[PDB]
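Presented as structure tokens, the chain that follows is alone, the form deposited in one PDB entry.
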């Protein structure tokens, strides 16, 4: 279970070692700021090994990936380019058919698997994933690698865990639906559906973040944001970089100049009461995605993934914040039946690019 980040040149060098003679999967984790492309292999002992290289989404244009793909094949021995079983990339948007991606909120243009090289993307063994679909696949990879507890911690157990499972919560993904949320630049969601007929997990990409926020007792707070965006706020408007910034502005009341999402998180890590309140506010709305999705989708587990999540561990480690989140997760009318208390919440507690493992894990199903 491991990935080594390299420059394009050291990548080429590495790709000639005797360890990298096995058949290979081309993977790419594309974001709105940067992309990470490279190759994955199993070596020995059920171990996953990848080395990738970072590219900057400079033009901020999804089609720039075509360029990078070329730049790889040219500058690389075709005694390696031939060992390519499958090509799988993820992109930060809705993907249709596994072959067309867009429109994007970060970028412009459309991801088209047809306009991709076939040395990197062998026909019938190639897919374009939504990033959180790749992440879901990754979550599945972590479970099959028997290492779930190493990357995910329980935030609190739901009622339904012990009725489906004898193992401790956090030790396995569990024979139930698992909803994956990624609160980052944007707000990513996917549902790892569980088919009880055949006991199979299947990743279903979702756009939970773009739904209109339903109310609680916060009609005014929503209205304030509504008036800034000229749009009915959706969850992502409240749970995202711009959302955290918004919450900070509402907290200070102009008495401090606006600072960035990242900076707000730093301040909270440093104990700043204003930032900290902004963080709590952000998490109040994350937990609303949770309680609504818990009803609609009935998951056995909800899992919070991403580097944001791992890095903000100072926040989840605090049991007062955790109880307030727990409180808000149950703040749904249907809780009087226990529907929100069914669910187990976990969070990623250790850095791992779930999307990269996801692309490779998906590559297996294609071949």
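Between two forms, the rigid core is defined as the largest C-alpha subset superposing within 1.5 Å. Residue numbers count along the first chain shown, from 1.
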**Report entry** residue 299 left out of the model in a third or more of other PDB entries
**Finding:** no
Query raised in the report: Of the other PDB entries compared that resolve residues on either side of residue 53, does at least a third omit it?
Result: no
Query raised in the report: Per the PDB record, is the mean Cα temperature factor higher over 320-328 or over 58-66?
Result: 58-66
Query raised in the report: Quick one: higher average CA temperature factor, 100-108 or 222-230?
Result: 100-108
Report summary line: The largest CA temperature factor among 249, 216, 177, 83 is found at 83
Report summary line: Entry record, C-alpha B-factors for 79, 274, 210, 240; the maximum is at 79
Requested in this report: Place residue 199 in the lowest, middle or highest third of its chain's C-alpha B-factors, as listed in the PDB entry.
Outcome: middle
Query raised in the report: Within this chain, which third does the Cα B-factor at residue 123 fall in: lowest, middle or highest?
Result: highest
Query raised in the report: Hey, what third does residue 347 fall into on Cα B-factor, ranked over its chain?
Result: lowest
Query raised in the report: Within this chain, which third does the Cα B-factor at residue 236 fall in: lowest, middle or highest?
Result: lowest
Report task. Would you mind ranking residue 37 by its C-alpha B-factor against the rest of the chain and naming the third, lowest, middle or highest? Result -> highest
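One more form of this protein should be noted, the form deposited in another entry, which is absent from this view; the next part is about it.
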Query - Which of 175, 266, 277, 108 is displaced between the shown form and the other one by 2 angstroms or more at its C-alpha, rigid core aligned - result: 108
Requested in this report: Inspect the rigid-core superposition and answer whether the C-alpha of residue 326 shifts by 2 angstroms or more between the shown form and the other one.
Outcome: no
Requested in this report: For residue 85, decide whether the Cα shift between the shown form and the other one is 2 Å or greater, given a superposition on the rigid core.
Outcome: yes
Report task. Note yes or no: does the Cα of residue 307 move by 2 Å or more between the shown form and the other one after the core is superposed? Result -> no
